[PDB]
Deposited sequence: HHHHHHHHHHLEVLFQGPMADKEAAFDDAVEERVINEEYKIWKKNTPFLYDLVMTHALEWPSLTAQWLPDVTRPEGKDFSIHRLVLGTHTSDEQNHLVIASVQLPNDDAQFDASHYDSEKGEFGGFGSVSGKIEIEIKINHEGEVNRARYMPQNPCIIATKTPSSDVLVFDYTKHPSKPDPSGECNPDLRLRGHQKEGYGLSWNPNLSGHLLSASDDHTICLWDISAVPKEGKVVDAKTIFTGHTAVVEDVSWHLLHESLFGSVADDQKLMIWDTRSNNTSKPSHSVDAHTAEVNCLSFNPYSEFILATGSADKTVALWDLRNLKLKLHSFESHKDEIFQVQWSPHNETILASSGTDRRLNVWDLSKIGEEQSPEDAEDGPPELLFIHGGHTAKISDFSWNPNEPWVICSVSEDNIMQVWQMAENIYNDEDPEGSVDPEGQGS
């Protein structure tokens, strides 16, 4: 209850100046379920800040829902007082959306193309450069593509970084869907799944492509299993490997962007399991610190041994896996590098800034979005 949780926020807040190099907060008109930075930074020559953009969404009680792009002023190399002349966050564009945005993810090869998960099971594809910044007041949603294959809403979504146009989606209907929208002109058309992998027997929580092997991807589901899939394989009902990853629901995974054999998964058993693709009968490690469910996990895009996780315990943990086995005086395992206690509600999503190391955006259920960055002496 917000009783003790508030005591800790009062304490957290008073402590931020030398726990962080930057805390920015912004309250959204509606809560976002999804958060991902766009790769492209803009930096005017005159000013001493640079402009990044996020892909956010809405989750309303009713009303109208929108796909959102937001701009963030991030310092370059001044000094000032950082997060407290205070750098601004604005909405750059809303696009009418059929129901809440379960997730929004841009395409690595063309960052204008954005895919969203709707609750009507539909996956939609937008080019936001083809919609006005001010949404049509009719409230009607006009996607450039409509991807069909699912029966139920979902969350998991993943573009293939080495195969342009190939999109995978995960769902409550127990299925994974592949679309190849490559030869597909993006002007409204309906496209049906190329392939549907039926391995799992419960709700599929997430799926992600391997980052260097085009054929490989992995999904996780509420059936407590991590499955590694191959598209070469003609069998879509049984994946190449299968693991019992956790003792409760498996809600996310994220392949290591520097190390081709390493992935991690996040669950409802309050843990993050480190995995080695070369041998799945052995969990490498179990990061234990969260006190409630885990719903998101991301590798740092800068440093190969940094990992983050977030979920219901209203906290975002940042892990360093090289400090496995190190001795202590403890207040948690040595691999636990930082506890971000900035949110006073369950966190829905976070995403590392791809251009600004250690800068993280994170959003929670009480419409609070935080752009923040831990102080440098913590990782030096």
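Visitor: Where does the model have holes with respect to the deposited sequence?
Guide: 1-30, 115-128, 374-377, 429-443 are the stretches of the deposited chain that have no C-alpha coordinates in the structure.
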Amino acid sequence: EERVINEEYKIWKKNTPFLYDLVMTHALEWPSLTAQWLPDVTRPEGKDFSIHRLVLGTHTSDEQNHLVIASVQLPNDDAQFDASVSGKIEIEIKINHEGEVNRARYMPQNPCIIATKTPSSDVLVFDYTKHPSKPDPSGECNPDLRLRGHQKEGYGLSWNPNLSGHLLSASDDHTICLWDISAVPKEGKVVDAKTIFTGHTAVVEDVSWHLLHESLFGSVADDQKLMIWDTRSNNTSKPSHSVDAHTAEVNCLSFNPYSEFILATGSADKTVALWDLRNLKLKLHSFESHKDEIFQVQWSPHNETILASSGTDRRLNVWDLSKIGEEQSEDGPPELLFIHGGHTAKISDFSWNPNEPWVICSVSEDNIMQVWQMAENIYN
From here on, numbers count along this sequence of modelled residues.
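Each form is matched to the other, and the largest set of C-alpha atoms that superpose within 1.5 Å is called the rigid core.
Visitor: If the other structures are each fit on the rigid core, which stretch ends up farther away in C-alpha terms in 6 other deposited structures of this protein, 12-20 or 366-374?
Guide: After the core superposition, the stretch with higher RMS deviation in 6 other deposited structures of this protein is 12-20.
Visitor: Any chance you could tell me whether 293-301 or 151-159 drifts more in 6 other deposited structures of this protein, judged by RMS CA distance from this form after superposing on the core?
Guide: Output: 151-159, the stretch lying farther off on average in 6 other deposited structures of this protein.
Visitor: Is it the case that, in at least a third of the other entries compared (those modelling both flanking residues), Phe81 has no coordinates?
Guide: Across the compared entries, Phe81 is left out in at least a third.
Visitor: Find out whether the coordinates of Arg146 are absent in at least a third of the other compared PDB entries of the same protein.
Guide: No: coordinates for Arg146 present in every compared entry.
Visitor: Comparing 9-17 with 364-372, where is the mean C-alpha B-factor higher?
Guide: Comparing averages over the C-alpha atoms only gives 9-17.
Visitor: Report the stretch with the higher mean CA temperature factor, choosing between 101-109 and 248-256 on the basis of the entry.
Guide: Per the PDB record, 101-109.
Visitor: Taking the Cα B-factors listed in the entry, which of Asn355, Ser322, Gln328, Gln36 comes out highest?
Guide: It is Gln328.
Visitor: Can you pull the Cα B-factors for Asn317, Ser348, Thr344, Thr60 from the entry and say which is highest?
Guide: Comparing C-alpha B-factors across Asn317, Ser348, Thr344, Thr60, the maximum falls on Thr60.
Visitor: Can you tell me whether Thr175 has a C-alpha B-factor in the lowest, middle or highest third compared with the other modelled residues of the same chain?
Guide: Middle third of the chain for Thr175's C-alpha B-factor.
Visitor: Considering only modelled residues of the same chain, in which third does the CA B-factor of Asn303 rank: lowest, middle or highest?
Guide: Middle third by C-alpha B-factor.
Visitor: If you rank every modelled residue in this chain by C-alpha B factor, which third holds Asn162: lowest, middle or highest?
Guide: Bottom third by C-alpha B-factor.
Visitor: Which third, lowest, middle or highest, does the CA B-factor of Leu336 fall in along this chain?
Guide: Lowest third, going by the recorded CA B-factors of the chain.
Visitor: When the deposited Cα B-factors of this chain's modelled residues are ordered and cut into thirds, is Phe81 in the lowest, the middle or the highest one?
Guide: CA B-factor rank for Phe81: highest third.
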